[PDB]
Structures are given as structure tokens and as C-alpha cells.
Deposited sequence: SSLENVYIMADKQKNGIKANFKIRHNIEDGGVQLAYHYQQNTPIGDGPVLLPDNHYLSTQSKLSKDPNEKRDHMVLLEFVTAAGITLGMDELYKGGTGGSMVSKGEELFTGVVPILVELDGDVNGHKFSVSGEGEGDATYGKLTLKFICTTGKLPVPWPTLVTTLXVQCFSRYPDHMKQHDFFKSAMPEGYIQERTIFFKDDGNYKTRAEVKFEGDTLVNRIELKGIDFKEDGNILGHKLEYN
């Protein structure tokens, strides 16, 4: 498993939030590949949202494989809890669909994911398939791109949950992810309800990657 803290701050000028954090990918030789994340979220609707005090999301991920699956894929379990120093839509189990189109150093690919979120327990369970064939980057590098409205906000912090407050209309989530000493991803996603289903539609563009670096060279552990 992995555990990372997403640091969130209000962005009042855009009626949204910003975030930053670092992901530590494990390299097959024992090293670490840092991926520095810079994030902004803006609401799709023109109504009020919850603009939070500074806080973090404590985010734990576990990656596995479906033993009966021969397509290139990732099974993902996550537990996420907000910590210090629209909500009615999330009181039960909510189906999730994720659809991503990407292009990294000219390698185009698509990913489709399905699963469910249970915000009461901060819990996500999803399975992702590369629908175009072989994924041209390591799965772990796409985890953060591939629905923070499923975070568990403790009752005493519920006034700081921007993500659910923007629902059902949703939000735009944008990132730049800088892979240390390597290339970057830029992502734009729309996260919103389609009926009773929470959908994450994403475009990802990756540039400046090293052909023999840890990403295009597939030198990251599957974790």
C-alpha cells in the first residue's frame, strides 16, 4: 500500500480549491521516482460551494491484478480521510465510471474504469482496463488522475468538503504532474453525476519524457 497527504487550500477567486502534494513511486532498483502534483478545482455550477480552511486528505492506495483478466488492467482499492492541521448524494454506495484519453510523448491510449465509492468509509473500489491495447506508461503513474468527492470528511470537518458541495453539477479538476528529472502530465477532468452515477471524464497530455527514464522505460514497481 501507499500513503500520501493531499494538501488543500481555498481558491476564492475561482470559487474553488487548489492542492499540492508529492507521490513517491517505487523504482524497480530500490529508488524512488517523485511526482510533484499541482491541482486546481473549479465548480461547474454557478452556485455556492464550501471553501475550506487548509487541511489534508490522507490517501491510502492498494494496487492488484484480477487473476482472470488478460487485458492490460489495474484493480485499485483506496481509503481516503480528511484531516485537520451535495453531501446527501454520497450517504450510500455510488457507482463510478472513469473514462480517460491520453497521449504521452505521442503514445495514444484510452482507459475505462468501473466500480463504486462509499464515502461513509472513504472507500473506493475500481477496475481499470486499457481499451486500446498495452498501456504505454506504468499504471501507478495514472492512479491520481483516474474522484475526491469520495473522501471521508469527519463530521467535525464537514463544512470543509468542497468536493461534495459542488455536486451534482460537478467540478473541473486540472493538474500538472512533474516527474522529477523526467517529463510531465497535464490533465483536465470533469467530475459530475450522470443520473445516479458519478463520472470522471479525463484528457491527459504527457510531454518531455525520457525514452529510457522510469516512466517510458517501465521501471516502476506495481504499487
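J.: Lining up the deposited sequence with the coordinates, I want the ranges that have no C-alpha atoms.
T.: No C-alpha for residues 86-104, 166.
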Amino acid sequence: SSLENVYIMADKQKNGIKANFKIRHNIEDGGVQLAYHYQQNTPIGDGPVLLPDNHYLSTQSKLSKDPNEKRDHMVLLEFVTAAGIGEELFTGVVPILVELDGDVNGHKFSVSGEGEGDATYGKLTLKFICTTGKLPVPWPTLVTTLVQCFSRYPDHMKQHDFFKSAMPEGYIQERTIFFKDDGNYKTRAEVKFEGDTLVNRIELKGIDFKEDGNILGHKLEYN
From here on, numbers count along this sequence of modelled residues.
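J.: Please work out which of 23-31 and 178-186 has the higher mean CA B-factor as recorded in the PDB entry.
T.: Going by the record's values, the stretch with the higher mean is 23-31.
J.: Can you let me know which of the two, 39-47 or 54-62, has the higher average C-alpha B-factor in the entry?
T.: On average, C-alpha B-factors are higher across 39-47.
J.: Have a look at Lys164, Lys70, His160, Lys192 and flag the one whose Cα has the highest B-factor in the entry.
T.: Highest C-alpha B-factor among the listed residues goes to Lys70.
J.: For the listed residues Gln148, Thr81, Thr91, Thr141, which one has the largest C-alpha B-factor as given in the deposited model?
T.: Highest C-alpha B-factor among the listed options: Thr91.
J.: So where's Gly115 on the chain's Cα temperature factor ranking, which third?
T.: For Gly115, the deposited C-alpha B-factor lands in the middle third.
J.: Lowest, middle or highest third of the chain for the C-alpha temperature factor of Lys14?
T.: Top third by C-alpha B-factor.
J.: Grab the CA temperature factor for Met74 from the record and place it in the lowest, middle or highest third of its chain.
T.: Its C-alpha B-factor belongs to the lowest third of this chain's values.
J.: Going by the entry, which third of its chain does the Cα temperature factor of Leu126 land in?
T.: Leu126: CA B-factor falls in the lowest third of its chain.
J.: For the chain shown, is the CA B-factor of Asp101 in the lowest, middle or highest third of its modelled residues?
T.: Middle third - that is where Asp101 ends up once the chain's C-alpha B-factors are sorted.
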